[PDB]
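Report on one structure; see the data block that follows.
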């Protein structure tokens with residue numbers, strides 16, 4: 067259960083179950099590797115865990131988002147996983163807050179802005 071990778075975490079945040087998020091703390095604190103690193107993001111576009119979480123929402127709920135935010139800012143880079151956007155030429159600049167606005171969900175917009183989110187982000 068200690069072994070962690072992109073596919074497991076993406077599936078977990080897709081389902082939307084917070085009970086499976088336990089364990090990331092120890093793995094990240096033992097590898098001293100931030101989730102914002104290119105390793106945990108898709109190499110082609112640059113999609114991160116939040117984008118995967120928001121693109122699939124069950125009648126406007128995703129309970130994994132908030133715990134993901136705490137495990138973000140508890141140990142993160144000076145721009146913790148909320149100021150990071152896509153890197154491909156086609157979706158360059160596109161951040162998670164743009165997804166939140168596009169999905170017409172004000173709750174996740176509040177969650178993203180209340181934990182720090184650049185409201186400019188020129189896509």
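In the entry's author numbering, the protein residues as written are 67 to 189.
Quick reminder that beta carbons are idealized off the backbone N, C-alpha and C, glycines included.
Straight-line gap, residue i to residue j (C-alpha atoms, nearest Å)
| i | j | result |
| --- | --- | --- |
| residue 172 | residue 166 | 7 Å |
| residue 128 | residue 184 | 22 Å |
| residue 144 | residue 102 | 10 Å |
| residue 148 | residue 95 | 20 Å |
Same chain, Cβ closer than 8 Å to residue i, five either side skipped, listed in chain order
| i | result |
| --- | --- |
| residue 120 | 128, 131, 162, 165, 166, 169, 171 and 174 |
Delimiting residues of the alpha helix (DSSP H) encompassing residue i
| i | result |
| --- | --- |
| residue 179 | 172-180 |
| residue 97 | 90-97 |
| residue 76 | 72-81 |
Close Cβ partners of residue i (< 7 Å) along its chain, the five nearest in sequence each way excluded
| i | result |
| --- | --- |
| residue 188 | 159 |
Proximal residues to residue i (C-beta, below 6 Å), its chain only, five neighbours per side dropped
| i | result |
| --- | --- |
| residue 116 | 162 |
Entirely within the segment 108-140 and at least 4 residues each: give me those alpha helix (DSSP H) ranges in chain order. Those alpha helix (DSSP H) runs which fall completely within the segment 108-140 and span 4+ residues are 115-121 and 131-139.
Would you call the segment 157-165 in contact with the segment 109-122, where contact means no fewer than 3 C-beta pairs closer than 8 Å? The segment 157-165 makes contact with the segment 109-122, as at least three CB pairs between them are under 8 Å.
Let me know the beta strand (DSSP E) ranges lying completely inside the segment 137-166, each 3 residues or longer, listed in chain order. With a minimum length of 3 residues, no continuous beta strand (DSSP E) run stays inside the segment 137-166.
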